[PDB]
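Visitor: Below are the structure tokens for one structure; questions will follow.
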2 protein chains.
Amino acid sequence: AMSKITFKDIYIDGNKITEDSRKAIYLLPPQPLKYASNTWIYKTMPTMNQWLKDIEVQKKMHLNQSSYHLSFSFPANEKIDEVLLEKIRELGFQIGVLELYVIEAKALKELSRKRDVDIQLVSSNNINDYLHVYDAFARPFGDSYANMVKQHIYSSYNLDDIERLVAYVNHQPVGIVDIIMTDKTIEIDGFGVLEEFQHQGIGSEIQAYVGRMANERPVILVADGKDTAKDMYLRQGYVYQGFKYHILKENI
Amino acid sequence: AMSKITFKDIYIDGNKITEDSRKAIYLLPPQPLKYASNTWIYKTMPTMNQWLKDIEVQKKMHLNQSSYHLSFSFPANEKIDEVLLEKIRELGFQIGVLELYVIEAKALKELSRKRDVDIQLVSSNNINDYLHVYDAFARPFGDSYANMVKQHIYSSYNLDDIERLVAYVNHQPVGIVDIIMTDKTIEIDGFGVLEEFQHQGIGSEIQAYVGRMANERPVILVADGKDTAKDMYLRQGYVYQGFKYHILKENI
Ligand code: NA
Ligand code: NA
């Protein structure tokens, strides 16, 4: 049953505009600068020529809402043909891989050691502590991008259905994670612990907490190449369950 | 049999200058700027004070041969203790994790093939080709770093007991790997494929080769926290098998 889990179970924070047998197109017109909410998810491999045509479509959509990047995911567990890779490189895209990790709840429950780490659901009361930790995270697209993602969370955190955690050690906020719950699964996203507080059991407390929420729901996540928590995931017991290629050009 | 692989099977590229119940010490005085070759491998957690003492011993040796790094690995699959870890941060050390992966040779042999790739053993006749690829990896880290690993390879590629492979596409050198062989296992290391040539079956073809030559020996490797190919090893079937914390301090 945790066997059957796939990339389809992973949450996407866009509006789905179109979905057909080859691709799903996502946009978030009020937030055209969020790269993860504005993208094409392929279901079947485009030929090189198809891909060129799809560039043109996406280029128009995005410029129409003042989005300035381009991005695509390719099918689960499919390698891209040479000829298309070659084009991808020539058009100045970054190539990366998303990896799907899966684990059974009980395995995360087991991680608990009754450390003194106080873990709270975020509300208007502690939301700033959450963002405070967030502020420490790698910023691969620079400051102003991180800041506009901050503003988005800070104004959509009740409103949205996503739940969030902040861990404290001695009343200082130190760890965060987002959780997306469904009947079938629970997905974590945006997990991080401040550098100075790593490798000392704080992440595994957060994980076991999520584990206790899950019940017997599997818990799942997706990580890319610039994800430093991955090492932690493996040591923690997560099982690798497939990949997606994905490309990004930050400027049309 | 693949069950019983440990970090013990992993080759250390240094002279074991001494060993006892709590540690082994490794020096390589012709290369005093090669961090991995000049280090202590712990077999048991030092206490914090024990460690303070050990810095002193290592500092001495290293300074005597013109090393100015401090370097320590901790025992397989153990978390560092609380006291100890505060001191490590306090003394300005970098903290890392090293990961052991293992696979049966059969699995490697099974990988999708790309028969139009030519893989040769390195010798006098094609060493410059290994280095064409090896240099493209190293030189992003500075000419001076890359000049020194370069001379290090040139001083022992025949005389040491590492074997090396170079991979050609269209008579051009495109990927490489080093192979440390023993009766029980083949270890790979320094695996790399030029970026123009990545994700299109070459790594897999190389991996398959290593499988054929491993025959029935488990194929193993350790990957640090800055390892390009980590995602590829997962795609190819490699099983995570354990971790080791290690610490580095430069410019002591
Ligand atoms: Na919410
Ligand atoms: Na040799």
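If you're wondering about the labels, chains in the structure tokens are A, B, ... by order shown, residues count from 1 in each chain, ligands from 1 in order shown.
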Just need the residues of chain B within 10 Å of chain A, counting only C-alpha atoms, so spit them out as an NGL selection string.

Guide: :B and (77 or 79-82 or 85-86 or 89 or 95-99 or 195-201 or 224-226 or 228-232 or 234-235 or 237 or 239-243 or 245)

Visitor: Any chance you could export the current selection's C-alpha atoms as a compact mmCIF listing (two decimals), in the first residue's frame?

Guide:
```txt
# COMPACT_ATOMS: atom_id res chain seq x y z
CA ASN B 77 26.14 4.78 12.70
CA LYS B 79 25.29 10.13 16.76
CA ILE B 80 27.88 12.52 18.23
CA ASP B 81 27.30 13.35 21.91
CA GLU B 82 25.91 16.61 23.27
CA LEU B 85 29.18 18.52 19.61
CA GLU B 86 28.93 21.95 21.29
CA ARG B 89 30.91 24.01 16.89
CA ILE B 95 30.39 18.91 10.27
CA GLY B 96 29.65 16.35 7.60
CA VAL B 97 28.09 12.98 6.97
CA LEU B 98 29.56 10.22 4.85
CA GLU B 99 27.25 7.59 3.42
CA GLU B 195 28.09 17.68 -17.80
CA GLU B 196 27.44 17.85 -21.55
CA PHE B 197 27.21 14.06 -21.44
CA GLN B 198 25.21 13.40 -18.24
CA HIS B 199 21.81 11.70 -17.97
CA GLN B 200 22.03 9.88 -21.26
CA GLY B 201 23.12 6.38 -20.28
CA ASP B 224 30.31 12.60 1.01
CA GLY B 225 27.93 15.57 1.40
CA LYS B 226 29.17 17.19 -1.82
CA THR B 228 27.44 14.95 -7.74
CA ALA B 229 26.35 11.41 -8.54
CA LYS B 230 24.37 10.63 -5.39
CA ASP B 231 21.08 10.78 -7.23
CA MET B 232 22.40 8.55 -10.02
CA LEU B 234 19.95 5.77 -6.22
CA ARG B 235 18.48 5.57 -9.74
CA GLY B 237 19.71 0.54 -7.34
CA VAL B 239 21.18 0.45 -1.19
CA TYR B 240 21.91 2.88 1.61
CA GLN B 241 23.85 1.09 4.34
CA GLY B 242 24.96 3.50 7.11
CA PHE B 243 26.62 6.82 7.94
CA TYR B 245 29.93 11.89 10.95
```

Visitor: For the interface of chain A with ligand 1 (cut-off 7 Å, counting only C-alpha atoms and all ligand atoms), please tabulate each contacting residue of chain A alongside its nearest pair of atoms and their separation in Å to one decimal, rows sorted by chain and increasing number, as a Markdown table.

Guide:
```
| residue | atom | partner | partner_atom_place_in_ligand_line | distance |
| --- | --- | --- | --- | --- |
| A:157 | CA | ligand 1 | 1 (Na) | 4.7 |
| A:158 | CA | ligand 1 | 1 (Na) | 4.1 |
| A:159 | CA | ligand 1 | 1 (Na) | 5.6 |
| A:160 | CA | ligand 1 | 1 (Na) | 4.1 |
| A:161 | CA | ligand 1 | 1 (Na) | 4.2 |
| A:162 | CA | ligand 1 | 1 (Na) | 4.8 |
| A:163 | CA | ligand 1 | 1 (Na) | 5.1 |
```

Visitor: So that I can check the surroundings of residue 120 in chain A, please list as a ChimeraX atom specification every protein, DNA and RNA residue that reaches within 7 Å of it, counting only C-alpha atoms and ignoring chain neighbours fewer than 5 positions away.

Guide: /A:165-167

Visitor: Considering only C-alpha atoms and all ligand atoms, state which residue in the set B:189, B:66, B:153, B:48 is at the smallest distance from ligand 2.

Guide: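 Of B:189, B:66, B:153, B:48, the one nearest ligand 2, counting only C-alpha atoms and all ligand atoms, is B:153.
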
Visitor: For residue 116 in chain B, which residue out of B:216, B:178, B:90, B:205 is the nearest one, using only C-alpha atoms?

Guide: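 The closest residue to residue 116 in chain B is B:205.
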
Visitor: What does the distance between CA of residue 56 in chain B and CA of residue 252 in chain B come to in Å, to one decimal place?

Guide: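 So the answer is 11.5 Å.
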
Visitor: CA of residue 215 in chain B and CA of residue 4 in chain B are how many Å apart?

Guide: 17.7 Å

Visitor: Would you mind listing what lies within 10 Å of residue 65 in chain A as a PyMOL selection string, with only C-alpha atoms counted and same-chain residues fewer than 6 positions away left out?

Guide: chain A and resi 27-33

Visitor: Just the selected residues (N, CA, C and O atoms), exported as an mmCIF file, in the first residue's frame, please.

Guide:
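Printed below is selection-v5.cif as written:
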```cif
data_model
loop_
_atom_site.group_PDB
_atom_site.id
_atom_site.type_symbol
_atom_site.label_atom_id
_atom_site.label_comp_id
_atom_site.auth_asym_id
_atom_site.auth_seq_id
_atom_site.Cartn_x
_atom_site.Cartn_y
_atom_site.Cartn_z
ATOM 1 N N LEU A 27 -0.621 27.237 -13.117
ATOM 2 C CA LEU A 27 -0.378 28.623 -13.021
ATOM 3 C C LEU A 27 -1.011 29.125 -11.721
ATOM 4 O O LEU A 27 -2.020 28.570 -11.263
ATOM 5 N N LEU A 28 -0.451 30.207 -11.176
ATOM 6 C CA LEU A 28 -1.035 30.916 -10.090
ATOM 7 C C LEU A 28 -0.895 32.409 -10.436
ATOM 8 O O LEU A 28 0.066 33.088 -10.035
ATOM 9 N N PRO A 29 -1.865 32.927 -11.200
ATOM 10 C CA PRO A 29 -1.823 34.256 -11.781
ATOM 11 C C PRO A 29 -1.601 35.424 -10.792
ATOM 12 O O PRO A 29 -0.938 36.394 -11.153
ATOM 13 N N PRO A 30 -2.146 35.333 -9.568
ATOM 14 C CA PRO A 30 -1.838 36.361 -8.567
ATOM 15 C C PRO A 30 -0.419 36.257 -8.003
ATOM 16 O O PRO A 30 0.031 37.187 -7.314
ATOM 17 N N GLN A 31 0.276 35.154 -8.294
ATOM 18 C CA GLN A 31 1.628 34.935 -7.793
ATOM 19 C C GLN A 31 2.574 34.501 -8.924
ATOM 20 O O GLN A 31 3.190 33.446 -8.859
ATOM 21 N N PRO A 32 2.757 35.359 -9.933
ATOM 22 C CA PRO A 32 3.411 34.814 -11.126
ATOM 23 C C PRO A 32 4.912 34.546 -10.938
ATOM 24 O O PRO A 32 5.522 33.878 -11.761
ATOM 25 N N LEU A 33 5.475 35.016 -9.829
ATOM 26 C CA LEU A 33 6.876 34.843 -9.562
ATOM 27 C C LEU A 33 7.256 33.562 -8.839
ATOM 28 O O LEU A 33 8.442 33.275 -8.796
#
```

Visitor: Tell me, as a PyMOL selection string, which residues lie within 12 Å of residue 9 in chain A, counting only C-alpha atoms; anything in the same chain fewer than 5 positions away does not count.

Guide: chain A and resi 2+4+100-102+180-188+218-222

Visitor: Only C-alpha atoms, please: the residues just picked out, written as a PDB file, in the first residue's frame.

Guide:
```pdb
ATOM      1  CA  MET A   2       2.873   2.386   0.726  1.00  0.00           C
ATOM      2  CA  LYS A   4       1.540   1.915  -4.556  1.00  0.00           C
ATOM      3  CA  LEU A 100      10.237  10.646  -4.189  1.00  0.00           C
ATOM      4  CA  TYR A 101      10.840   9.260  -0.619  1.00  0.00           C
ATOM      5  CA  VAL A 102       8.392   7.178   1.321  1.00  0.00           C
ATOM      6  CA  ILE A 180      -0.277  18.278   3.704  1.00  0.00           C
ATOM      7  CA  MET A 181      -2.785  15.718   4.847  1.00  0.00           C
ATOM      8  CA  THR A 182      -5.059  13.533   2.831  1.00  0.00           C
ATOM      9  CA  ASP A 183      -6.966  10.430   3.658  1.00  0.00           C
ATOM     10  CA  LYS A 184      -4.381   8.182   2.064  1.00  0.00           C
ATOM     11  CA  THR A 185      -1.128   9.907   2.925  1.00  0.00           C
ATOM     12  CA  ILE A 186       0.705  12.620   4.677  1.00  0.00           C
ATOM     13  CA  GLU A 187       3.266  14.729   2.893  1.00  0.00           C
ATOM     14  CA  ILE A 188       5.948  16.818   4.437  1.00  0.00           C
ATOM     15  CA  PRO A 218       2.339   6.587   5.011  1.00  0.00           C
ATOM     16  CA  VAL A 219       4.425   9.691   5.091  1.00  0.00           C
ATOM     17  CA  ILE A 220       5.948  11.018   1.953  1.00  0.00           C
ATOM     18  CA  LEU A 221       8.021  13.812   0.522  1.00  0.00           C
ATOM     19  CA  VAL A 222       9.830  14.904  -2.555  1.00  0.00           C
TER      20      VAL A 222
END
```

Visitor: Would you list the contacts of range 132-134 of chain B as a count of residues only, taking every protein, DNA or RNA residue within 12 Å and counting only C-alpha atoms, but skipping same-chain residues closer than 5 positions in sequence?

Guide: 31

Visitor: Please list as a short mmCIF file (atom, residue, chain, number, x, y, z; two decimals) with C-alpha atoms, in the first residue's frame every residue within 7 Å of residue 75 in chain B, counting only C-alpha atoms and excluding residues in the same chain fewer than 6 positions away.

Guide:
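This went into around.cif:
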```
data_model
loop_
_atom_site.label_atom_id
_atom_site.label_comp_id
_atom_site.auth_asym_id
_atom_site.auth_seq_id
_atom_site.Cartn_x
_atom_site.Cartn_y
_atom_site.Cartn_z
CA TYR B 42 37.64 6.73 15.42
CA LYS B 43 36.59 3.31 16.50
CA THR B 44 34.90 4.53 19.72
CA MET B 45 33.46 7.93 20.72
CA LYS B 244 29.58 8.41 9.64
#
```

Visitor: Quick one: distance from CA of residue 217 in chain A to CA of residue 119 in chain A in Å, one decimal?

Guide: 20.5 Å
